[PDB]
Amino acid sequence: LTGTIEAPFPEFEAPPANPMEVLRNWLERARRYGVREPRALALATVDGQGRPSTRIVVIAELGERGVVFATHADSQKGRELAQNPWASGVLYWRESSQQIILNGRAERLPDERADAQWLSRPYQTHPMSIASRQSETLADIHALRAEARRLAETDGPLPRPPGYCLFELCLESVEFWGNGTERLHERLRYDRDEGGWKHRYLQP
C-alpha cells in the first residue's frame, strides 16, 4: 500500500450503533486529508445469469438509510438493476489506506429527486448526457459530438433526458476497512435484518 496518512479509526474500538454515522465521519476526514475523489464508487450489478458487471459511479448524495447515485435507466447497470436490485460498491482511498464496502438493494427514486439532482449539475454537463444513449453501441463518434455541440449552443440548463434517474442503495450490510498495524487489518462489519443493525469484527 502507498498511504502516508495513518487514519484514525476510533470507531474500531468504539463502534457507533448506525453505520451511516461512521460513513459520515470517514467522508468528513477524507475531505480534510485531501483524498482524491473519495466519492468514486466501484459499483457492481448482476445480470440475469448471475454474472456481475462493474464501473465507477459517483456518490451524489448521502440519505438516512443509504447512498444515492445518478445514471441512465437503460445503461447496462440500469438494465441489470431493473431485474436484480442487489448491488455492492466499494470506495478505496489510497492516501489513507481505507476501504468502505456498501451492499444493499438499489431502487429508483422519484422523478422529482432526479430533476432536482440533474439541475444541480453544472449545465455544461447536460449536452452529452442528453445526446448520448449511455452504453449503446456508438456507430458514429462525429454524429454524437455534433449533437452535443448543438445542444451546448443553448448556453444554459437543458431538460432532464428520458431515462436519467437516481438510484438509492439502501444498506443491508457495510464494511469499514482500515490498514491497522502489523498487517492486522481492522474490519468492522455491520449487518441488517428485520431485527435491525448489529456489528462484528472480521479477520483480515
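So that there is no doubt, residue numbering starts at 1 and follows the sequence shown.
Checked against the record, the higher mean CA B factor of 8 to 16 and 179 to 187 lies with 8 to 16. When 39 to 47 is weighed against 162 to 170, 162 to 170 comes out higher, by mean CA B-factor as recorded in the entry.
Considering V68, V57, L144, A152 together, the PDB entry gives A152 the largest C-alpha B factor. Remark: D115 belongs to the middle third of its chain, ranked by C-alpha B-factor as recorded. Sorting the modelled residues of the chain by their CA temperature factor places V90 in the lowest third. Per the PDB record, residue ranking by Cα B-factor puts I100 in the lowest third of the chain.
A106: CA B factor lies in the highest third for its chain, per the PDB record.
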